[PDB]
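Presented below, as structure tokens, is a lone chain in the form solved without uridine-5'-diphosphate.
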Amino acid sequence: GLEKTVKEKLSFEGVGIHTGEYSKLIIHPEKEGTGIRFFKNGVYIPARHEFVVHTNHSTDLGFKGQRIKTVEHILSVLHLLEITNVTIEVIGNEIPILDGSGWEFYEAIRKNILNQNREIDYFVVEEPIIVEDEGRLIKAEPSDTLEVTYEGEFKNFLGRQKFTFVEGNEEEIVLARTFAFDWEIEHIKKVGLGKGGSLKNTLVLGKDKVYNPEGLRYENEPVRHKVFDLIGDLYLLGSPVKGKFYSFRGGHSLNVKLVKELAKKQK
């Protein structure tokens, strides 16, 4: 397809799920070939793997002393809509989490796409590749269309779940919310994170219960969310991706590791 940008600037504000501080982003249009980049305190941070500075509990980008936490969701939405040229100005030190999914981002951006003149130069997976890490594993291989499957093995009532995204089913994942198990909340808060978390932006699961009064949007919302996360991290390759991926218990760390190795192979 053609490269895209936004008809007019779009802005979102709220709290960062980790910083707990006010956060707001403004998406501005950019000419062809610009790519996706963030702007914070005078510094431009390209949405690329080389600028990753943290992958525990979120994917954070940094450059010249300026860091932006949790870019996975806004990037996932941009990847799914194939938005290729925009400048995301950031107020605060993290992207607003909103309700924990990509819904608000998706609905707003979707109705404001602007086709540009230049066919997209996709990052095409050319050969099979596999990165592993303590049971966790992610595999990628050639495909004319983006296809992402996430398989989880949970230690709670969820047990083993599996979900697969294919082009055209964007709406099956942009609603999946961020999630966390009660037994990991203590740790997250202890290490200086999750300061903005709440039942309003996070699905909290117990060994055999869902804390949120609204329950799950889908019986497999967690794995749908993981697919969403992976699509966001994959966009750090620099351009829309075309390949088939299968992630088994993967996380941001493994996702980024995969992205870096795919990049080395000069696809």
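Throughout, we count residues from 1 along the sequence that is shown.
As for the form deposited with uridine-5'-diphosphate bound, it is not shown, yet the points below apply to it.
Counting ligand atoms within 2.4 Å of backbone or C-beta atoms, the overlay of uridine-5'-diphosphate from its pose in the deposited bound form onto the shown chain yields zero, and the pocket is open. Heavy atoms within 4.5 Å of uridine-5'-diphosphate in the deposited bound form map, among the stretches 121-129, 149-157, 107-115, 80-88, onto 149-157 alone. Every member of the trio 136, 181 and 249 reaches uridine-5'-diphosphate in the deposited bound form with some non-hydrogen atom inside 4.5 Å.
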